[PDB]
Amino acid sequence: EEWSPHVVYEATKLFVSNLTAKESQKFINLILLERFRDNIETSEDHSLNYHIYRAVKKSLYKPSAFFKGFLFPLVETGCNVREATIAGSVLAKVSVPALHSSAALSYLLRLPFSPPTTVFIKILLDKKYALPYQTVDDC
Amino acid sequence: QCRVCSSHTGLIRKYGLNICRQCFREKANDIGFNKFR
Amino acid sequence: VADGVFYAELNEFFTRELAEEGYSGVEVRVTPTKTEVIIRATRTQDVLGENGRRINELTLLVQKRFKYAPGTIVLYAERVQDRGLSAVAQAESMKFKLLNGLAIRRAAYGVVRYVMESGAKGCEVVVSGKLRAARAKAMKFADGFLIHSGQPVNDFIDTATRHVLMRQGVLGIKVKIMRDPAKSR
Amino acid sequence: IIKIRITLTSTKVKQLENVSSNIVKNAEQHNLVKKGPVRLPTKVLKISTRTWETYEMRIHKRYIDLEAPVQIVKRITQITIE
RNA sequence: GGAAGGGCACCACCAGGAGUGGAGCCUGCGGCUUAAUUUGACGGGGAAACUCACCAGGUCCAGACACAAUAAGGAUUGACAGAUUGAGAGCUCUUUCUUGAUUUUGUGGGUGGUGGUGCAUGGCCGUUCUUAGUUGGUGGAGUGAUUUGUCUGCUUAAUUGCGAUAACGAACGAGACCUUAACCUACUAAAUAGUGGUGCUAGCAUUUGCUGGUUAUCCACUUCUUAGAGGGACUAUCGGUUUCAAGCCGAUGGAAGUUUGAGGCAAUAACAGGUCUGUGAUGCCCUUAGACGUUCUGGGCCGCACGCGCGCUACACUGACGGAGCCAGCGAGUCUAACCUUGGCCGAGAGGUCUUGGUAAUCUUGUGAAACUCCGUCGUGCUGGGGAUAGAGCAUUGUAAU
């Protein structure tokens, strides 16, 4: 957690573009998530730098790894609104396959309600993908 | 270099605490250097 | 059973961190390798919050701060009233002070002082019965600001009656405490 | 029988004198041999802040020698945490 | 109203002292010049890289979703080594190959508001009027506007008080609250402080002594170092001055007698004062081939007829040189690093080597600083004052010292 955001960006590119779906799940859930929550939690204005945003952007190339590693325990650890805007712009800018976007929406609709979760569901509804009927029933 | 809130203007660079003289007098009542004389 | 050093350090952390979430006291019990620290609480809707709040916040704050991994210690909560705002605990305390040889005046001053230090808008203690004399007497001890009529009686004031048995006879303690209407919530 | 020196430091005089006097009373009430509370000079840490002004801090130090077994030393060190 | 009168101040004058502006140079501004000499009026703006906000270039990475094509015999995305490649890094295609719609191209409302300036809301670091005389409650008398309070006098640093008197109350002022200074051989108390006595021990004259070594040889103590408790000062007292009132001045006693001196603290009446990387189908130029984001090199920010200014060093004999004596205090010091360094050897020195002590009233440290004291050289001669400028080499920190 003592790296620079350039180092976290490059290591996220390395450890998502090479490691598999479960392995980059463990990488993002252990190394990126705790450094993420400690960059935003320990700061007095509770915002994030630009290169951690680019790291979370580059972590979505394997979408199983992204959703199973980044988004799903973060909302269960307390997600605020700068994380919502930043990781929602992450969730918007990168083209995600429809199945893991559908599993993500099926996750986020079940959560305890929060306007960060509302921003993430709003980004996943900006896709208008070919959703399975279970994801439609969760809506 | 300000490593707290990106506030290089007036760092107090002594002892590496590195708070600007604006925010140093924000956090002046947390360390203990206060008004006696 | 954990030590009072840990308990007082959590008191020091809570008194500076739970400044406007109602930290009344701490109940704590220790089972093998599990220290259960129940935050005794003024109002607990600051503690519970909107859809599960301060308990998760302080749990993750201790895990992030005091270098605890999830699984070693556990954090609990219970819903009670503020000990000063409640007339029941203050009536228990008034009964306690009268049974331990403290007179009407100093016990009434101490209990009303503790209630006004708690943060109640006002309080009143009514003490009736006989104290070393044949003739019965009653004594009012009111402070702050109280209301006596209407639906705000049902809303804002707590009343508690206690029959406290002394060696001469019986005394009737009537504690009436007015809670802060801005903090109604 | 372990000889341990306790070096106490504080910013305010009343709580530091209270802690030192509690050490003296409790180590005196069960017959421990000891040196009295040696009172080090109060060091004055100051910063000249932007005419000019001065910010000050008084730091008070005592130290007390004690000779006691492990149980009494541990109970004294645990209870006197303030 | 350009009447006059007081404060009350060395950012004012007199008594002066040190001076600047005179010489050289350091440094800040202006001007010129440039490709840039980034930009404000000390900007913690000390300084080759960074910081850098400026130039000469070379580059990455953009742009969401929707939507028409394109398909696994291949769109393509990556692990590559070679041809590379200019100054560096990128970039393209030949394979060894993962390829797997993450497609690729061109578009359509805008994702991106890490593109933002304005409207509101809440509010804040430096604050500052750090409110030192005013306010209003009425009274009355006057169509309105106005009189009084808010005054003949006297007095205080003050609208602070006295007094007369259309008068009668209250608030914030102001005094006042906080924090400091100095004297305590009267307390209370010591190996992270010291003093003396005393053991062991070194030298010198010996007739007793002097100088000491000795982080335990023991003791006492705080005389000095130090932590507090208190105490004291409240103008104590005397005499002028003052309605002989609140008060001022001269003198004595006093550690302290100008409010013993300074600064922080409110309430009321001004700050668009400076942002929050704030929220709101907010208004609005584009929505991106812009670099706004990134880099990576090399030059700048220092350049010079000159002007505005502050400093350093001199013009010497109350001085320069050569020796000797060697007097302080505030600080400050290293961890998951290279800090402060004692000592010993080498080197003319710069410095280097080898260690050691100290996370600290302990070691650096007794910081053996400088000015100063004494004795010799000089002999008033731009001199043996000056040290600007320039040459040569040698070392240290820094990747890189032009």
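Shown for chain B, in order and in Swiss-Prot numbering: 20-56.
This deposition comes from electron microscopy, 3.5 Å.
Cβ from N, Cα, C; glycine included.
The annotation Zn(2+) binding site is assigned in Swiss-Prot to B:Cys21, B:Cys24, B:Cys39, B:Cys42. Marked as phosphoserine by Swiss-Prot on the basis of similarity to another entry: B:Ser25.
The 10 Å shell around the Cβ of B:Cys21 (Zn(2+) binding site) contains 15 further Cβ atoms across the protein chains shown.
Those same-chain residues not listed among B:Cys21, B:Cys24, B:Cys39, B:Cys42 yet with C-beta within 8 angstroms of the centroid of the Zn(2+) site C-beta atoms are B:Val23, B:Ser25, B:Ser26, B:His27, B:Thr28, B:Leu30, B:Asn37, B:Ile38, B:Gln41, B:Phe43. Of B:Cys21, B:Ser25, B:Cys39, B:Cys42, listed as recorded positions, none is near chain A by the criterion of a Cβ under 8 Å from one of its Cβ atoms. Taking the Cα atom of each, B:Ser25 (phosphoserine) and B:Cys39 (Zn(2+) binding site) are about 9 angstrom apart.
In sequence order, B:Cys42 make up the list of same-chain residues 6 or more apart from B:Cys24 (Zn(2+) binding site) whose Cβ falls under 8 Å from its Cβ. For the recorded site, the residue listed as 'phosphoserine', the DSSP three-state label reads coil.
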